[PDB]
Amino acid sequence: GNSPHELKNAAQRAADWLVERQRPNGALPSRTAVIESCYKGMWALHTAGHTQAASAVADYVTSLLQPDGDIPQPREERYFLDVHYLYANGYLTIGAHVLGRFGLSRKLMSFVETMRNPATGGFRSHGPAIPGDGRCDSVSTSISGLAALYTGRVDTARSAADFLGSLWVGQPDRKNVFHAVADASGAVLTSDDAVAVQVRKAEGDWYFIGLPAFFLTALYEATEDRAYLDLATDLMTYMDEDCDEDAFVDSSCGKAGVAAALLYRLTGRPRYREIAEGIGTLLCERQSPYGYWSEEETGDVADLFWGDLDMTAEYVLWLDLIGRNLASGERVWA
Amino acid sequence: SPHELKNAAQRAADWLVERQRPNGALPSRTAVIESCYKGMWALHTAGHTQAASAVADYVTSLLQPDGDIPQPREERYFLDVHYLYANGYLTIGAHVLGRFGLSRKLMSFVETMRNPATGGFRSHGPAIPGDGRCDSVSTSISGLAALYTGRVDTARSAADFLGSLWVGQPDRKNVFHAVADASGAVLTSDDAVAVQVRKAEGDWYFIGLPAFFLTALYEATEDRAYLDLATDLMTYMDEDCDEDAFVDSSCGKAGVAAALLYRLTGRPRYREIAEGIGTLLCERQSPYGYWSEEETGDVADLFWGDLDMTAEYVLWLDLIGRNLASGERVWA
Ligand SMILES: CC(=O)N[C@@H](C=O)[C@@H](O)[C@H](O)[C@H](O)CO
Ligand SMILES: O=C[C@H](O)[C@H](O)CO
Ligand SMILES: O=C[C@H](O)[C@H](O)CO
């Protein structure tokens, strides 16, 4: 296994790669100019110490900001339209707030809450102009709840956890499928077109479970309400015993790993470090030597396809969070 | 150059991490909270997130059930001058790090010290003798901690105290009385903090830290009344205060305020103040990375005030550098 020192060095290598190729307007080196290519940029580069590069992304994001606090364009990927439209918005809010861009995050978080379903506590999956039926998913709700934490809107975070709690206990067939979406009225949306994770198979989408586990663990730390800890503990046990191991192998397993590392610092259970260390080590070995993570690229490239840039900035963040909670976990418990 | 200011901050952060204690404490010769209250925030901005979380672990083990850290404390200024100065940086550092339980409890206690009649924050801690007086530094850092934790109403109330303190100055061209009583009237007695604005006797951060907080509140709110008061305090330090206002060790607050004001307004005088202070702080840096007024050798620890100044300059040079680079870009 690799140590938190080595998980961190892998994070700083990718963060160096990004800063080397950042555009003068602040955009990260994406082959296509879309918001889903750099929405984790402010947060990731801040945790890596590249604050001027993170502030540059904040300048690029601010110049794209609409009067209502949203960035509806440039968007291309289908998932950032009607699957989890607020995935970009949630990371933008956290990254702007930790940077001290209080005007940016306040406007981003204001719009995020305009998407909240007051009847259920979830957040709408499709953007204002995107066709949809008002469905709310676990990813939009957990990332908005996490963004609610960093901005101090704890009541919104609490209402988001109620949605995830109701979504968990409403699972009709949890051993075979995880329905990560509810309709606009609070019922678990078991429709064919709704996101549903095939648990016993190896077909990705695990972060629809891992990100709620991350959010719920953070809200527990914020509140020490055991209801949030028990629900996060269930989701982790669910992904460990009931889920196919691809839940900890697929590219979206970093959310589970961050949650396990957080849970280890908060509980001291050794299996949480096991899941956290194995996931963090797994992502380290996949890193290209130039710093970036990618699926098809292997050479000294000057830019990346939008999915690889986002994955690269996402792994700077996940390896850092896992590394700092494993390090603090040993100090506290061991 | 924002590039050079950042490298100086990363060298001081490297110096701190290389000497951090196994329990998370920064290398202070005395185990006191005033030696490392800026450690969580400073190390996080430098990328040393494992070292920042270690400070969070050490701070967490000191937290009392009401959210304060009354011990270990030794410096009088962290007893009855601006007691909450330590708590303010602890709250911010804990929050940007994700330690929401640590930051919420710290912020909860800070708010119990707010004076609801004036919006100011009590200068002396619970155990410490005093008369309910509130100072501009306790109020500014509490307001900035409130902004980072989303307590905007508490921040707006802190600015109201600063605005009341400002227009209430009985003699601003000769002295800045930074304290008011519990009733809201400016305290002019000799025991109150008073900046002799025409003498090189330090304590300028009683004006500069208000200017920083008020500028950040303006960005959070776009209420130009906060920008105007921030502008008046920056003009006050530039034209009416001694040049030591931008030379004393406590000038980093005005520099960060100027760097932030430059990004928001674009007036190049704010860029001059930020660069001048930033390069000044850069030139005072020892080659090993730490900042000290006495030490020059390769030391394994520092006097608590030198260790705090070292972490403080990590943050200020980063803030000054990030706002000058972004200020250069938007006003290109
Ligand atoms: C660099 C500097 O002069 N900083 C000032 C405030 O931040 C100073 O008052 C410090 O707090 C010092 O530890 C004494 O209190
Ligand atoms: O890198 C992956 C992106 O987050 C998106 O989910 C596309 O797969
Ligand atoms: O040690 C130097 C600090 O800046 C301060 O003077 C301590 O009181």
Side-chain angles (χ1 to χ4, degrees), chain A residues 30 34-40 75-81 83-84 87-88 90-91 139 143 195 204-208 211 250-255 292-295 304-315 317-318, chain B residues 12 28-30 32-38 41-42 73-79 81-86 88-89 135-138 140-141 144 178 193 195 201-209 212 244-245 247-256 277 280-281 284 290-295 302-317:
Chain A
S30 183
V34 290
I35 192 65
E36 57 265 44
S37 79
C38 64
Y39 59 103
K40 310 198 186 84
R75 291 178 181 245
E76 204 91 38
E77 162 60 32
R78 311 283 205 71
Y79 267 59
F80 294 85
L81 292 179
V83 181
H84 46 51
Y87 202 53
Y91 285 95
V139 159
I143 195 55
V195 157
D205 301 321
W206 301 109
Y207 69 118
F208 284 84
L211 191 57
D250 176 53
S251 55
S252 85
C253 73
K255 288 71 147 204
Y292 63 87
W293 278 265
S294 167
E295 287 185 343
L304 284 166
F305 140 76
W306 74 263
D308 291 325
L309 206 181
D310 179 47
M311 157 151 63
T312 291
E314 175 173 337
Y315 286 171
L317 211 50
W318 289 168
Chain B
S28 180
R29 291 165 194 168
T30 60
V32 288
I33 194 62
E34 56 266 39
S35 72
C36 64
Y37 57 108
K38 310 203 185 72
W41 195 6
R73 286 180 193 245
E74 164 60 39
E75 167 55 43
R76 191 249 264 177
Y77 268 55
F78 296 84
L79 288 190
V81 174
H82 44 54
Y83 181 94
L84 294 168
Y85 198 49
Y89 289 95
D135 61 289
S136 64
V137 160
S138 300
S140 304
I141 201 63
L144 195 71
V193 158
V195 185
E201 298 178 4
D203 299 314
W204 300 107
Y205 68 113
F206 278 90
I207 308 167
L209 185 52
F212 174 29
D244 188 53
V247 172
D248 182 71
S249 59
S250 71
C251 72
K253 292 76 171 178
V256 168
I277 288 197
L280 200 295
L281 300 184
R284 300 218 177 119
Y290 65 85
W291 270 272
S292 174
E293 305 293 329
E294 313 292 338
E295 280 281 7
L302 287 172
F303 161 73
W304 76 264
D306 289 353
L307 190 78
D308 177 49
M309 173 173 63
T310 293
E312 179 183 331
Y313 287 176
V314 172
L315 188 75
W316 291 163
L317 294 187

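Just the heavy atoms: all of them, side chains too, but no hydrogens, waters or symmetry mates, feed the values below. Labels below follow one simple rule: chain letters A, B, ... track the order of the sequence lines, proteins then strands, and each chain is numbered from 1. Numbering of ligands and ligand atoms starts at 1, following listing order.
- Residues B:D244 and B:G202 come closest through the heavy atom pair OD2-N, 3.5 Å.
- The main-chain N or O of A:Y207 is found under 3.5 Å from a side-chain atom of A:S252 such that the two form a donor-acceptor pair.
- Atoms of ligand 3 found under 4.0 Å from any heavy atom of B:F303, numbered from 1 in the order shown, are 1 (O).
- Checking only distances, B:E312 does come within under 3.5 Å of ligand 1, N or O to N or O.
- Of the protein's heavy atoms, B:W304 CH2, 3.9 Å lies nearest to atom 14 (C) of ligand 1.
- Distances between N or O atoms of B:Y205 and those of ligand 1 include at least one value under 3.5 Å.
- Checked against a 3.5 angstrom limit, the closest N/O atoms of B:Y85 and ligand 1 fall inside it.
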side-chain contact (heavy atoms from CB on, under 4.5 Å) evaluation trace for B:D135 with B:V81: CA-CA 8 Å; B:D135 61 289; B:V81 174; 5.6 Å; no
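- For B:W316, the closest heavy-atom approach to ligand 1 does not fall below 4.0 Å.
- Partner B:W291 forms a ring-ring contact (aromatic ring centres under 6.0 Å, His included) with one of B:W316, B:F303, B:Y313 and no other, that one being B:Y313.
- Not one N or O of B:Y313 is nearer than 3.5 Å to an N or O of ligand 1, by distance alone.
- Protein heavy atom at the shortest distance from atom 6 (O) of ligand 2 is A:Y207 OH, 4.2 Å.
- Formation of a donor-acceptor pair under 3.5 Å by the B:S35 side chain with backbone atoms of B:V32 is found in this model.
- Atom 2 (C) of ligand 2 has as its closest protein heavy atom A:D310 OD2, 4.2 Å.
- Note: B:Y89 and B:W41 have tilted aromatic rings, judged against thresholds of 30 and 60 degrees for the angle between ring planes.
- No side-chain donor-acceptor contact under 3.5 Å links B:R73 to the backbone of B:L79.
- In this structure, atom 8 (O) of ligand 2 has its sub-4.0 angstrom surroundings free of protein heavy atoms.
- Of all heavy-atom pairs between B:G252 and B:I277, the closest is CA-CG2, 4.3 Å.
- A salt bridge links B:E312 to B:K253: one of the charged nitrogens lies within less than 4.0 Å of a carboxylate oxygen.
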Worked check of side-chain contact (heavy atoms from CB on, under 4.5 Å) between B:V193 and B:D203: CA-CA 9 Å; B:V193 158; B:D203 299 314; 5.7 Å; no
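- Contact annotation: B:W291 has no heavy atom less than 4.0 Å from any atom of ligand 1.
- Atoms of ligand 2 found under 4.0 Å from any heavy atom of A:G307 (numbered from 1 in listed order, with element): 1 (O).
- Counting heavy atoms only, B:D306 comes closest to atom 1 (O) of ligand 3 of the residues B:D306, B:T310, B:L302.
- Exactly one residue among B:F206, B:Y77, B:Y37 makes a ring-ring contact (aromatic ring centres under 6.0 Å, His included) with B:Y85. That residue is B:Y37.
- At least one N/O-N/O distance between B:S249 and ligand 1 falls below 3.5 Å.
- Side chain of A:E36 to backbone of A:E77: a donor-acceptor contact under 3.5 angstrom is found.
- Taking every non-hydrogen atom of A:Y39 and a distance limit under 4.0 Å, the qualifying atoms of ligand 2 come out as 4 (O).
- Protein heavy atom nearest atom 5 (C) of ligand 2, with residue, atom name and distance: A:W306 CH2, 4.0 Å.
- Which parts of ligand 1 touch B:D308 is read off a 4.0 Å heavy-atom cut-off, strictly below it: atoms 10 (C), 11 (O), 13 (O).
- Residue B:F78 has at least one heavy-atom neighbour below 4.0 Å for each of these atoms of ligand 1: 11 (O), 15 (O).
- Near B:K253, with a cut-off below 4.0 Å to any heavy atom, the atoms of ligand 1 are 2 (C), 4 (N), 5 (C), 6 (C), 7 (O).
- When non-hydrogen atoms are compared, ligand 1 lies under 4.0 Å from the side chain of B:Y37 (C-beta onward) but not from its backbone.
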